[PDB]
Protein chains: 6
Amino acid sequence: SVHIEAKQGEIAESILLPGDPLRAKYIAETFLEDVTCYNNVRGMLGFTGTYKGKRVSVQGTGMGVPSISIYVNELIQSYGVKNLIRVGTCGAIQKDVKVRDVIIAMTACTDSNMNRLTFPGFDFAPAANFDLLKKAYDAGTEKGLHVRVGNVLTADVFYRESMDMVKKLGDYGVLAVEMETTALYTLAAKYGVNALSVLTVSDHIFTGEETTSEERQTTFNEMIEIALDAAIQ
Amino acid sequence: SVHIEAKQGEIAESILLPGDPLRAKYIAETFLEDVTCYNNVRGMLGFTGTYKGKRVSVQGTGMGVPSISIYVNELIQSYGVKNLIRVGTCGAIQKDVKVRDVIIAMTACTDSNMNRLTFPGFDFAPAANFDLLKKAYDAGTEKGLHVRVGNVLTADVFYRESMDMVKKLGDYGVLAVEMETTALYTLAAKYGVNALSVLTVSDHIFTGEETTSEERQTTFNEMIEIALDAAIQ
Amino acid sequence: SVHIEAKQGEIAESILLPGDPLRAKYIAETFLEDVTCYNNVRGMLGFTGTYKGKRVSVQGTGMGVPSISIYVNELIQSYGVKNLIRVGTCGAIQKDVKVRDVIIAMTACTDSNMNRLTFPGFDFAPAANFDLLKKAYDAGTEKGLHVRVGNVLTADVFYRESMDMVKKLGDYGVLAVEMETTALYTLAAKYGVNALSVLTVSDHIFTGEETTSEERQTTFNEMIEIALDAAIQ
Amino acid sequence: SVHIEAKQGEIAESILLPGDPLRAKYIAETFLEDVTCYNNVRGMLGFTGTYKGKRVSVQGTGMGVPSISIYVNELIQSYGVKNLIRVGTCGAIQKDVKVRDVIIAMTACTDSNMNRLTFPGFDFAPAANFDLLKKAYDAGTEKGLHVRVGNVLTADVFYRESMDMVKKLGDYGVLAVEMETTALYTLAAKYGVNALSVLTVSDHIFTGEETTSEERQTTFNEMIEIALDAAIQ
Amino acid sequence: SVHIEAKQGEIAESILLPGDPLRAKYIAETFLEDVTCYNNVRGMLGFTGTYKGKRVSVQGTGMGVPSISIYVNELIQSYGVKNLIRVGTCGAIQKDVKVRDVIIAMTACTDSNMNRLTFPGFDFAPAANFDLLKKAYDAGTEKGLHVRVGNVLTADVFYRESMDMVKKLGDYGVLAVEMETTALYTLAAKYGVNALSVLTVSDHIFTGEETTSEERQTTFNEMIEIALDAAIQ
Amino acid sequence: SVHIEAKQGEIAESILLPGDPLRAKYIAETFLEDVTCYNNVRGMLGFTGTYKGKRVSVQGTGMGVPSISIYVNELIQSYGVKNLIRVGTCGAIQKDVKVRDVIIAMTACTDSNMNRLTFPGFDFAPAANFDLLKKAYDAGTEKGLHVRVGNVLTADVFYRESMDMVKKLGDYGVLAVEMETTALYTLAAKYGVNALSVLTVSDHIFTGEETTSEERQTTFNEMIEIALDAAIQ
Ligand SMILES: Nc1ncnc2c1ncn2[C@@H]1O[C@H](CO)[C@@H](O)[C@H]1O
Ligand SMILES: Nc1ncnc2c1ncn2[C@@H]1O[C@H](CO)[C@@H](O)[C@H]1O
Ligand SMILES: Nc1ncnc2c1ncn2[C@@H]1O[C@H](CO)[C@@H](O)[C@H]1O
Ligand SMILES: Nc1ncnc2c1ncn2[C@@H]1O[C@H](CO)[C@@H](O)[C@H]1O
Ligand SMILES: Nc1ncnc2c1ncn2[C@@H]1O[C@H](CO)[C@@H](O)[C@H]1O
Ligand SMILES: Nc1ncnc2c1ncn2[C@@H]1O[C@H](CO)[C@@H](O)[C@H]1O
């Protein structure tokens, strides 16, 4: 496809979608066997391998609705991908949500215009595939993770002049901010395929708490495992 | 409160919210014991009774975001209600959704402006309380119902000059149209309480299929049972 | 129709539209002769009777644009109703508007999206039928009522986190808040029929002044009389 | 003021507001005595004179919301003007509205953003002053004119790539298109003063019928007379 | 055309577009030879003459997007005009922009809805014709003027209840406020013709600094010269 | 900064901003001397080197407004970057714009909501820094490139269900589609720094014409040279 140089059939029907292509590489190296790298266009690494005997892929998406939308469109339309699980990070809005929690997004709010353009006059609420959601939730619960299922904000702007609205969203139960889910969920719905976002809380927007990769790496691995565990079902 | 003449403490912390006050009466009469009617302001009947030993209420909401918003605000703010389960009907958008299916709304799309006014520039995705959702889903699954968990449209207009957008939403996986969930979910989130909408598909918008109360009454009863079963947990 | 169980011809061409179905019952019992109740679907009572020799109906609408829109659409499209006069209550915004004043809405502002969806990019100003307006105004003037003809706000939300905009509207001459007129006026215009809203100021939003039915019942009756007097012309 | 070079007190409290400054000149010359021209800034002629013994002014506004808004703001804020009657032309949308009809605008729809900016999330319906409206209506009725009281469209664009929405508005009873009323009515309301627009139908948008000044001059004069007759009351 | 009484061929292909028709007259009298006045409809004077041997016209536009849109549409569509240079005034937003500076608008921001209506969901950035822009810039530079090339605000409202947004725009580099450029640039682009706005800073919005015609007349003349110098190329 | 691991001072004040980090690497390797790679967070390579004796950096941005906004914010706020030149690709909308043309964006249209959120009610037109624009234009002209200065569309969605609006924008002179400029220009303006986008037309949206890196590599190099030539001034 335009942004993915894979040959037909090289991408598995189940795919994990980290924002960071280097995390795709990490996931492939850490969890998968019989790995090949099928894409390095724009450095947006994608890999296919085998996990517990099942083929799976992992494809970076970049950050933001427009970037992930490119990849998701191509994966679905050009590569026949059926199950797409974003494995990402997010920033907690509320004190009640803690760093290293895993958030499974039921739905996402957004400041993107993408859905307003598609559905003028409507608020489109992008919805996770419940099957996948339940699988991931059950896997996370069994794995002993702190799993929160709820609402997230898919933001176009990481750096907002005022966080007032973000705070307000937090007061309405929105758990965390991230930059992809609206697009993933909307496009998956458009094409009748199955999507989920499983997120690790990496930072707390208002408390300032931040983490490096390694500082959330055990939790991150466990999260990847549940995203993979859900995927291979 | 302005629209509910109940004394403090007369409304249980768990409440079912049919749109039709006559369905509130039906639910109270059919399922509850030790029933009292605490409201007949505007004919919007509300009852409190006991179900399998647990106090529960049932309160009509009327149709539409503005009507249910009145009642939900009052129930939450004036009567301390904590668990609110709309038990309603809806119109299927897709052929894949069948009359008498039970839909548990994860989230809701809307053509209402209510959330645009609250969150200018954002698409707010109103989210069910996952705990309640899971309880209802599990109860429905155990009850042997066809339960679909997914997205719905909360419509301001029942009678639309064109159903093109509704169809488009259906193509994006939106299961059914109804007229309350956005408000319920948004307000419950605002106030940190727990909401869910459990819906019986009563009609199919495009196929023209329609049902009367009795024609979906067995399924309706089973749905009420799961809404009550979820509530009493 | 879907929400009205009347047989064809049971609903008169002129109809009063209180929000409260119990007020429909009151109006029928108090003012009409040869009354029959043609609807009790959803408790949304509707009656037809005779007033000073002329057949007239009275139909509750429920609260909010979506609710009244259902009934008005059905009345117009399915029952051939030609003259629709909402007889309602409203909350004064300004000190200059007093409890028990009668407001005849020339037009209505709204926070509803209903007209934005119909007329993207436009502000649609829903307009009363001037003939009816003048009749009601003249009748009210002759009846010795305080009648104010002006602008109202048709609100989707009764319970607003901030009344700043409502206050601002008041500063622009908007007299009172209510929850139906935009829809009535817009739909009547759509279908080329005649609508008016005649409102009793029942409360003052900022002063906190409130009234019960009986506390405005003499004025309310006189208002009903002018709505009927206008209707039978 | 910035756009009006009149000294304080030179502008009467009642003013007619044609869009065309040359029509202001015509009105002053034709109807007024003891006339002085108080403004020729930007050629936007303004005059004050006496009509049937009462001082009155006439001030061109130019075309469009932004132009009239300038003048109306200045007239109200800087010159203490209290009664403002636009005397304009308009283009009929419907066949039912005929060239040379006089339209008294109750309210106005618009494609302007002016009110969306002032009242985010709301549709503001600009309303005529009913007193003035009634006076003009009664005067027009007594004068034997075809007077239509209703809704108009205040357009920002005279030349629209598609008239579909304009047609749709016509189907919702909007009588005619013009380019000032929203602003006049909104600003008058803002400042607690009295406004009305009295319009002569000069063209029919869809039929192509057009008129020159002289071809509607007798009707135009009669309209000016009612705007003056209303003003001097 | 509807608003211009010129015969075909009387308007030159290059035209200057002051907002003030009296400035059109000034420009024609001061700079042009062999002048005729081709329009006095609505007092909106238009002239054609010769400048340094080249035919050029000058046409008032009135103030605001709707007014200039009328004239520009007619000039382009009915009179075959190809190069349109607004020669106007503007109010500085920033201290960094000084009275008597000449601003050449690259683009314009707006609070008008005109482009939202044309391009729903999009922000249309109206762009100057670069050729013309460069010509004017080079001419202004050679003339020894302070020329600023940048962004302007095309405002619908001259009199804003709050200048907060205007200030904010100034913080984003918007140089000055005026009331026409969006329309000129958008329409010129629509029709594939060439437009530019060259503005004299006549006032400073926040400092209160104001100028009369004569107080900026030397600079104004030089600006007209560059608009003419650009035009005749 | 959060997404750039550079130490303070490692990033030059002038920076080129390709969307593709691999193009950053190409630019650094091909044009710069004394190169160091200061960032590989998320694979979003950034380099600093020397070009014709002047320090310059090159930093990938990723695709889309949200991605570039992250990097631009960080570059400006955390690294004191002053001159930012996006060097990108774009898709021609019109036949009149040819593959391998270089487009210098004066401004950008967008379907992003980013500016609507910042400037509610306004259309913000993001503007290039004219100085930089002129430098790049002059350099491109001297280099013998086909340089087009004009308007572009900054799209959030690469894959649009309908290109109707894109076509319409093309009819209004918008030259090409890309996915970053609005953000770059807006943020640069916000922070008072200098931005430009210089684009190579790599594809034609409607004709289907596409190019690989090498197929536009000579032109691409020349474009990079002008972006560098402009930068080092
Ligand atoms: N606080 C945050 N705000 C926005 N996005 C975040 C945040 N924390 C993590 N992310 C995620 O990481 C990237 C932004 O750093 C995006 O892909 C986004 O999903
Ligand atoms: N087809 C439908 N469209 C909208 N609302 C529906 C539909 N079917 C059932 N409903 C529900 O019933 C009422 C409208 O008849 C509302 O309360 C709504 O939730
Ligand atoms: N203050 C108020 N705000 C909104 N609606 C009101 C108010 N007072 C009376 N109403 C009317 O009564 C109902 C809400 O109580 C609605 O039908 C509405 O029209
Ligand atoms: N068909 C029309 N469309 C828009 N404005 C019109 C029309 N006919 C008359 N007008 C009025 O005349 C001017 C435009 O020609 C405006 O002031 C407007 O109010
Ligand atoms: N401060 C200002 N605000 C708006 N428009 C201005 C300003 N200064 C000059 N103008 C220009 O002059 C007219 C408004 O006085 C408009 O045509 C506009 O372009
Ligand atoms: N046809 C196109 N549509 C959108 N973006 C494009 C196109 N061609 C090139 N681009 C650019 O390349 C990336 C998308 O492939 C974005 O960074 C964008 O700026």
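Letters A, B, ... mirror the listed sequences (proteins, then strands); counts begin at 1.
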Would [X] and [Y] count as having a side-chain donor-acceptor pair, cut-off 3.5 Å?
X: F:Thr200; Y: F:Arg216; value: no
X: F:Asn194; Y: F:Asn129; value: yes
X: A:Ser112; Y: F:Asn113; value: no
X: F:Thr48; Y: F:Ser57; value: yes
X: A:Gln59; Y: A:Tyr71; value: no
X: F:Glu10; Y: F:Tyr79; value: no
X: A:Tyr159; Y: F:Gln77; value: no
X: A:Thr154; Y: A:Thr182; value: yes

Are [X] and [Y] ion-paired here, with the side-chain N under 4.0 Å from a carboxylate O?
X: F:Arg86; Y: F:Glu180; result: yes
X: F:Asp111; Y: F:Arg160; result: yes
X: F:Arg100; Y: F:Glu215; result: no
X: F:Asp229; Y: F:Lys135; result: no

| task | Tell me, with the steps shown, if F:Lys143 and F:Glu225 meet side chain to side chain contact (heavy atoms under 4.5 Å, CB included). | result | CA-CA 9 Å; F:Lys143 182 76 74 174; F:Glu225 289 168 348; 2.7 Å; yes
Quick one: does [X]'s side chain have a donor or acceptor within less than 3.5 Å of a partner on [Y]'s backbone?
X: E:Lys168; Y: F:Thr118; value: yes
X: F:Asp101; Y: F:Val201; value: no
X: A:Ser162; Y: A:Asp164; value: yes
X: F:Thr107; Y: F:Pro126; value: yes
X: F:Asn39; Y: F:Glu5; value: yes
X: F:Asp203; Y: F:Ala92; value: no
X: F:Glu178; Y: F:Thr181; value: yes
X: F:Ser202; Y: F:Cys90; value: yes
X: F:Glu74; Y: F:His3; value: yes

Look up atom [atom1] in [X] and atom [atom2] in [Y], then write down how far apart they are to the nearest 0.5 Å.
X: F:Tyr51; Y: F:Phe31; atom1: OH; atom2: CZ; result: 6.5 Å
X: F:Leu187; Y: F:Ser69; atom1: CG; atom2: OG; result: 5.0 Å
X: F:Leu17; Y: F:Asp20; atom1: CG; atom2: CG; result: 13.0 Å
X: A:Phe158; Y: F:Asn73; atom1: CZ; atom2: CG; result: 9.5 Å
X: F:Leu196; Y: F:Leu16; atom1: CG; atom2: CG; result: 10.0 Å
X: F:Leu199; Y: F:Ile104; atom1: CG; atom2: CD1; result: 9.0 Å

Taking the side chain as every heavy atom from C-beta outward, state whether [X] and [Y] have any pair of such atoms under 4.5 Å apart.
X: F:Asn83; Y: F:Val193; value: no
X: A:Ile70; Y: F:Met63; value: yes
X: F:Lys190; Y: A:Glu161; value: yes
X: F:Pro18; Y: F:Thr61; value: no
X: F:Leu117; Y: B:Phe122; value: yes
X: A:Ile15; Y: A:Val56; value: no
X: A:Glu222; Y: A:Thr218; value: yes
X: F:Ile226; Y: F:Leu145; value: yes

| said: With side chain to side chain contact (heavy atoms under 4.5 Å, CB included) as the criterion, how do A:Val177 and A:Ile205 come out once you've worked through the C-alpha distance, each side chain's angles and the decisive distance to 0.1 Å? | reply: CA-CA 8 Å; A:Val177 185; A:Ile205 296 184; 3.3 Å; yes
| message | Does F:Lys25 qualify as a cation-pi partner of F:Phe47, given the criterion of NZ or CZ under 6.0 Å from the six-membered ring centre and within 45 degrees of its axis? | response | no
| query | side chain to side chain contact (heavy atoms under 4.5 Å, CB included) with A:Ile224: which of A:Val58, A:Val87, A:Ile85? | reply | A:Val87
Which atom names give the shortest non-hydrogen contact between [X] and [Y], and what distance separates them?
X: F:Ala12; Y: F:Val81; answer: O-CG2, 3.4 Å
X: F:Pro66; Y: A:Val65; answer: CG-N, 4.4 Å
X: A:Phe206; Y: A:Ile93; answer: CD1-O, 2.9 Å
X: E:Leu175; Y: E:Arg148; answer: CD2-NH2, 3.6 Å
X: F:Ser67; Y: F:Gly62; answer: OG-CA, 3.5 Å
X: F:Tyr38; Y: F:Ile11; answer: CE1-CD1, 3.5 Å

| Under 30°, 30 to 60°, or over 60°: which ring-plane class applies to A:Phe220 and A:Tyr26, parallel, tilted or perpendicular? |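 A:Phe220 vs A:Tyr26 ring planes: tilted.
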| request: Walk me through it: do F:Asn115 and F:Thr186 pass the test side-chain hydrogen bond (donor to acceptor under 3.5 Å, both in side chains)? | output: CA-CA 8 Å; F:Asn115 287 328; F:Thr186 299; 3.1 Å; yes
| task | Before giving the answer on side chain to side chain contact (heavy atoms under 4.5 Å, CB included), spell out for F:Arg116 and E:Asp123 the whole-Å C-alpha distance, their side-chain angles and the decisive distance to 0.1 Å. | result | CA-CA 8 Å; F:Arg116 291 198 181 171; E:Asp123 298 3; 2.8 Å; yes
| Stepwise side chain to side chain contact (heavy atoms under 4.5 Å, CB included) test for F:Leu132 and F:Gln233 | CA-CA 9 Å; F:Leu132 284 182; F:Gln233 290 185 243; over 6 Å; no
